[PDB]
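Next comes model17.txt, a file with compact mmCIF, C-alpha atoms.
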# COMPACT_ATOMS: atom_id res chain seq x y z
CA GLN S 1 57.73 42.67 182.39
CA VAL S 2 55.39 39.80 181.53
CA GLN S 3 53.34 40.91 178.51
CA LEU S 4 50.52 39.14 176.68
CA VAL S 5 49.75 40.24 173.09
CA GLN S 6 46.47 39.06 171.59
CA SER S 7 45.29 38.78 167.99
CA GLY S 8 43.02 41.38 166.39
CA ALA S 9 39.27 41.71 166.01
CA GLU S 10 37.30 38.95 164.27
CA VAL S 11 33.91 38.85 162.58
CA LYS S 12 32.24 35.45 162.29
CA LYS S 13 28.94 33.97 161.07
CA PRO S 14 26.72 31.96 163.40
CA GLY S 15 27.99 28.37 163.71
CA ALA S 16 31.50 29.31 162.56
CA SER S 17 34.49 28.89 164.85
CA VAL S 18 37.08 31.43 165.90
CA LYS S 19 40.61 30.86 167.19
CA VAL S 20 42.06 33.71 169.21
CA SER S 21 45.77 33.92 170.07
CA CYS S 22 47.73 35.14 173.09
CA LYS S 23 51.54 35.50 172.74
CA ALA S 24 53.46 35.64 176.02
CA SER S 25 56.82 37.21 176.78
CA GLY S 26 58.96 38.01 179.84
CA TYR S 27 58.63 34.73 181.79
CA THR S 28 59.19 31.00 181.37
CA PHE S 29 56.23 30.17 179.17
CA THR S 30 55.64 26.55 180.28
CA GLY S 31 55.89 27.68 183.92
CA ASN S 32 52.51 29.39 184.30
CA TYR S 33 48.95 28.37 183.49
CA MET S 34 47.13 30.56 180.92
CA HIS S 35 43.50 31.62 181.62
CA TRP S 36 40.78 33.00 179.38
CA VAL S 37 37.91 35.29 180.38
CA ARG S 38 35.29 37.12 178.30
CA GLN S 39 32.78 39.91 178.62
CA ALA S 40 29.76 40.03 176.28
CA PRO S 41 27.66 43.25 175.93
CA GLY S 42 25.33 43.63 178.91
CA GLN S 43 26.74 40.60 180.73
CA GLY S 44 29.09 39.83 183.60
CA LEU S 45 32.78 39.02 183.10
CA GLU S 46 33.04 35.29 182.82
CA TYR S 47 35.80 32.82 183.38
CA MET S 48 36.28 30.37 180.52
CA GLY S 49 39.06 28.02 181.56
CA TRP S 50 42.77 27.31 181.61
CA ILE S 51 45.57 25.47 179.84
CA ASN S 52 48.84 24.23 181.30
CA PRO S 53 51.35 25.01 178.50
CA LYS S 54 53.82 22.46 179.92
CA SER S 55 51.57 19.44 179.43
CA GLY S 56 48.78 20.85 177.33
CA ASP S 57 46.29 19.78 180.08
CA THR S 58 43.15 21.91 180.13
CA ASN S 59 39.95 22.41 182.05
CA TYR S 60 37.04 24.57 181.06
CA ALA S 61 34.33 26.22 183.12
CA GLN S 62 31.24 24.06 182.88
CA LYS S 63 29.44 26.51 180.56
CA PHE S 64 32.09 26.03 177.83
CA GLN S 65 32.95 22.38 178.20
CA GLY S 66 32.67 20.74 174.78
CA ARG S 67 32.64 23.95 172.75
CA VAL S 68 35.96 25.57 173.70
CA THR S 69 39.41 24.10 173.05
CA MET S 70 42.69 25.61 174.25
CA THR S 71 46.05 24.70 172.69
CA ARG S 72 49.57 26.09 172.75
CA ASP S 73 52.59 26.31 170.46
CA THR S 74 55.63 26.39 172.64
CA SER S 75 57.98 27.34 169.77
CA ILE S 76 56.31 30.80 169.74
CA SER S 77 55.10 31.06 173.36
CA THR S 78 51.49 31.30 172.14
CA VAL S 79 48.27 29.98 173.63
CA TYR S 80 45.11 29.67 171.46
CA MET S 81 41.46 29.45 172.36
CA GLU S 82 39.11 28.07 169.75
CA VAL S 83 35.41 28.66 170.32
CA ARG S 84 33.06 26.59 168.21
CA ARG S 85 29.33 26.72 167.44
CA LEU S 86 29.34 30.56 167.64
CA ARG S 87 26.05 32.33 168.41
CA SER S 88 25.12 35.96 169.21
CA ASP S 89 25.80 35.20 172.92
CA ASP S 90 29.49 34.80 171.97
CA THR S 91 29.98 38.38 170.69
CA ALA S 92 32.33 39.58 173.39
CA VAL S 93 35.80 40.82 174.25
CA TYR S 94 38.03 37.81 175.08
CA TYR S 95 41.02 38.22 177.40
CA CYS S 96 43.92 35.98 178.22
CA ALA S 97 45.71 36.26 181.57
CA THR S 98 48.55 34.53 183.39
CA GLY S 99 50.20 34.33 186.79
CA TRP S 100 51.94 31.90 189.13
CA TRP S 101 48.38 30.87 190.15
CA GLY S 102 45.81 33.55 189.46
CA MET S 103 45.26 36.11 186.75
CA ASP S 104 48.04 38.64 187.42
CA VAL S 105 48.76 40.04 183.97
CA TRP S 106 46.14 40.53 181.22
CA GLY S 107 46.28 40.71 177.45
CA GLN S 108 44.71 43.67 175.69
CA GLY S 109 41.52 41.83 174.62
CA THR S 110 40.23 40.53 171.30
CA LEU S 111 36.76 41.51 170.02
CA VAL S 112 34.76 38.74 168.32
CA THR S 113 31.50 39.82 166.67
CA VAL S 114 29.04 37.12 165.57
CA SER S 115 27.04 38.61 162.74
CA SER S 116 24.29 37.17 160.59
CA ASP F 1 32.56 24.69 191.73
CA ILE F 2 32.64 27.74 194.01
CA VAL F 3 29.72 30.13 193.36
CA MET F 4 30.29 33.81 194.18
CA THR F 5 27.02 35.71 194.79
CA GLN F 6 27.59 39.44 194.36
CA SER F 7 25.19 42.19 195.42
CA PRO F 8 23.80 44.63 194.39
CA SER F 9 23.87 43.55 190.77
CA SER F 10 23.35 47.24 189.84
CA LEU F 11 23.07 50.51 191.78
CA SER F 12 22.80 54.26 191.10
CA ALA F 13 24.55 56.70 193.46
CA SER F 14 25.91 60.22 193.38
CA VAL F 15 29.34 61.71 193.82
CA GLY F 16 30.31 61.78 197.47
CA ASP F 17 28.21 58.76 198.48
CA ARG F 18 29.61 55.71 200.22
CA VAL F 19 29.11 52.56 198.12
CA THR F 20 29.01 49.08 199.75
CA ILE F 21 29.22 45.93 197.57
CA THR F 22 29.19 42.31 198.89
CA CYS F 23 30.22 38.91 197.70
CA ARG F 24 29.24 35.69 199.40
CA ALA F 25 31.14 32.47 198.67
CA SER F 26 29.31 29.09 198.50
CA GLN F 27 32.04 27.56 200.66
CA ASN F 28 34.86 28.91 202.81
CA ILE F 29 37.57 30.57 200.69
CA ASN F 30 39.63 32.05 203.55
CA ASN F 31 41.10 35.32 202.20
CA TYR F 32 41.47 34.23 198.56
CA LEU F 33 39.16 36.92 197.17
CA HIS F 34 40.08 39.90 194.98
CA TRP F 35 38.17 42.93 193.78
CA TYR F 36 38.35 44.26 190.18
CA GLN F 37 37.08 47.37 188.46
CA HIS F 38 35.95 46.95 184.85
CA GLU F 39 35.39 49.65 182.28
CA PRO F 40 34.07 47.95 179.06
CA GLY F 41 36.89 48.20 176.52
CA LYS F 42 39.82 47.81 179.00
CA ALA F 43 41.12 44.72 180.77
CA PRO F 44 39.78 44.38 184.35
CA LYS F 45 41.85 46.40 186.82
CA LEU F 46 42.83 44.77 190.14
CA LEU F 47 41.91 46.97 193.14
CA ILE F 48 42.14 44.76 196.23
CA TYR F 49 43.98 41.47 196.62
CA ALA F 50 43.59 38.78 199.30
CA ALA F 51 40.46 40.43 200.64
CA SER F 52 41.87 43.64 202.21
CA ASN F 53 45.15 44.56 200.52
CA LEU F 54 45.05 47.77 198.49
CA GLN F 55 46.90 47.44 195.19
CA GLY F 56 49.83 49.70 194.51
CA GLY F 57 48.69 52.81 192.67
CA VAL F 58 45.00 52.41 193.48
CA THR F 59 43.16 55.15 195.40
CA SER F 60 42.63 54.46 199.10
CA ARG F 61 38.96 55.35 198.61
CA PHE F 62 38.62 51.62 197.82
CA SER F 63 38.85 49.16 200.70
CA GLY F 64 38.14 45.47 201.12
CA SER F 65 37.08 43.55 204.20
CA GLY F 66 35.81 40.15 205.24
CA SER F 67 37.03 36.56 205.24
CA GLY F 68 35.67 33.05 204.90
CA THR F 69 32.41 33.46 202.97
CA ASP F 70 31.43 37.10 203.44
CA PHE F 71 33.36 39.90 201.76
CA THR F 72 32.72 43.61 201.28
CA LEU F 73 34.13 46.22 198.92
CA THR F 74 33.63 49.78 200.12
CA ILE F 75 34.09 52.94 198.07
CA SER F 76 34.43 55.71 200.65
CA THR F 77 33.38 58.69 198.61
CA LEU F 78 32.16 57.95 195.09
CA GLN F 79 33.82 59.91 192.26
CA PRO F 80 32.78 60.25 188.60
CA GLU F 81 35.74 58.10 187.42
CA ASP F 82 34.33 55.21 189.53
CA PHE F 83 31.64 54.68 186.80
CA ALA F 84 32.36 51.01 186.10
CA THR F 85 31.29 47.50 186.91
CA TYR F 86 33.00 45.94 189.96
CA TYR F 87 33.67 42.23 190.43
CA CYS F 88 34.89 39.93 193.10
CA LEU F 89 37.05 36.98 191.96
CA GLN F 90 37.77 33.92 194.16
CA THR F 91 41.18 32.31 193.71
CA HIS F 92 40.76 29.66 196.39
CA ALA F 93 40.36 26.99 193.68
CA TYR F 94 40.05 26.32 189.96
CA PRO F 95 37.88 26.91 188.13
CA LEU F 96 38.29 30.56 189.13
CA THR F 97 34.92 32.33 189.48
CA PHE F 98 33.77 35.89 189.28
CA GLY F 99 30.82 37.29 191.08
CA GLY F 100 27.99 38.50 188.85
CA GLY F 101 29.26 42.08 189.03
CA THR F 102 27.91 45.40 190.34
CA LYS F 103 27.18 48.00 187.64
CA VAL F 104 27.66 51.35 189.37
CA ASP F 105 25.74 54.17 187.63
CA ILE F 106 26.50 57.78 188.60
CA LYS F 107 23.47 60.04 188.97
CA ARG F 108 23.43 63.80 189.28
CA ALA F 109 22.67 65.33 192.63
CA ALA F 110 22.62 68.47 190.43
In structure tokens, how does this file's structure come out?
Amino acid sequence: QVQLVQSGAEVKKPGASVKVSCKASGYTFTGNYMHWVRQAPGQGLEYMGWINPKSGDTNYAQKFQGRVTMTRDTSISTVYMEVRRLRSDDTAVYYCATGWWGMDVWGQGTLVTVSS
Amino acid sequence: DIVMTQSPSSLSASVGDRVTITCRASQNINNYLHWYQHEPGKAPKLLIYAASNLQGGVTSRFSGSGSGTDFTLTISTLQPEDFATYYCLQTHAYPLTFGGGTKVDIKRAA
């Protein structure tokens, strides 16, 4: 009964940042990596990167390196992804997912809309 | 990084057709390849894990085959509820990588 509960929809101006949350329950939180994926209108699902909640170590897919930061707050079993320098290309549904290794359980998604 | 090339990127078919979708890996990934169905507005749904294993609760009309660098997802007889975009996902190594997707459009025979 692992469950991931994400924060609600956000509306942001171009060049703003957004920080989306993912609260985990039903497993040892520091035990699994957390992944993020998004899907923007018309485009393919794309992998964003991962955070190890034990150490806070991260790595991002090349496309997002330098613009995306993942953090965690262990006291509340929550992982955050902050996306900076928002543009229309970033309007998308953002998903978190966890597993022993892969993406076994998914959050419900968070819509971010980048609007002029 | 491992690049997953998925084909077709889009196709139109009709109910009762066989659909065949491929993913080619840029290097050998053994059997560490999964197939997802995506309906925009829902999280991706796992169909096939480790190349050929049908997920509990998923219709046996879906089947996966292949190993190494060449993988196929077959839908035996297309149904209206298959309207979705399908993806392969390699889990051989991080960063994880999706194929570019196959948008399956359903056209009337009628």
Could you work out which residues of chain F fall inside 8 Å of chain S? Count all atoms listed in the file, and format the result as a JSON list (two decimals) with C-alpha atoms, in the coordinates of the input.
[["chain", "number", "residue", "atom", "x", "y", "z"],
["F", 41, "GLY", "CA", 36.89, 48.20, 176.52],
["F", 42, "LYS", "CA", 39.82, 47.81, 179.00],
["F", 43, "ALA", "CA", 41.12, 44.72, 180.77],
["F", 91, "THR", "CA", 41.18, 32.31, 193.71],
["F", 95, "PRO", "CA", 37.88, 26.91, 188.13],
["F", 96, "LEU", "CA", 38.29, 30.56, 189.13],
["F", 97, "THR", "CA", 34.92, 32.33, 189.48],
["F", 98, "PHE", "CA", 33.77, 35.89, 189.28],
["F", 100, "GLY", "CA", 27.99, 38.50, 188.85],
["F", 101, "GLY", "CA", 29.26, 42.08, 189.03]]
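You will find CA of residue 21 (chain F) at 16.0 Å from CA of residue 54 (chain F).
With distances restricted to all atoms listed in the file, F:26 is the closest residue to residue 1 (chain F) from F:59, F:31, F:26, F:20.
The space separating CA of residue 84 (chain S) from CA of residue 69 (chain S) comes to 8.4 Å.
Here CA of residue 102 (chain F) is placed at a distance of 13.1 Å from CA of residue 40 (chain F).
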Of F:110, F:7, F:85, F:78, the one sitting nearest residue 24 (chain F) when using all atoms listed in the file is F:7
I'd like the contact shell of region 70-78 of chain S - 8 Å cut-off, all atoms listed in the file, skipping same-chain residues fewer than 6 positions apart - returned as a short mmCIF file (atom, residue, chain, number, x, y, z; two decimals) with C-alpha atoms, in the frame of the given file.
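Saved the output as part27.cif:
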data_model
loop_
_atom_site.label_atom_id
_atom_site.label_comp_id
_atom_site.auth_asym_id
_atom_site.auth_seq_id
_atom_site.Cartn_x
_atom_site.Cartn_y
_atom_site.Cartn_z
CA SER S 21 45.77 33.92 170.07
CA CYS S 22 47.73 35.14 173.09
CA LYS S 23 51.54 35.50 172.74
CA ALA S 24 53.46 35.64 176.02
CA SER S 25 56.82 37.21 176.78
CA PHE S 29 56.23 30.17 179.17
CA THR S 30 55.64 26.55 180.28
CA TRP S 50 42.77 27.31 181.61
CA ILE S 51 45.57 25.47 179.84
CA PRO S 53 51.35 25.01 178.50
CA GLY S 56 48.78 20.85 177.33
CA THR S 58 43.15 21.91 180.13
#
Which neighbours of residue 19 (chain F) fall inside 12 Å, counting only C-alpha atoms, when residues of the same chain fewer than 3 positions from it are skipped, and could you give them as a PyMOL selection string? chain F and resi 7-8+10-16+22+61-64+72-79+82-83+86+102-106
Using all atoms listed in the file and a cutoff of 12 Å, can you tell me which residues are near (32.4, 24.1, 170.8) in the file's coordinates, and write them out as a PyMOL selection string? chain S and resi 15-19+60+63-70+81-87+90
Residue nearest residue 92 (chain S) - candidates S:79, S:2, S:9, S:34, atoms counted: all atoms listed in the file: S:9
Which residues are close to residue 27 (chain F), i.e. within 12 Å by all atoms listed in the file, leaving aside same-chain residues fewer than 5 positions away? Reply as an MDAnalysis selection string. chainID F and resid 1:5 32 67:70 90 92:93
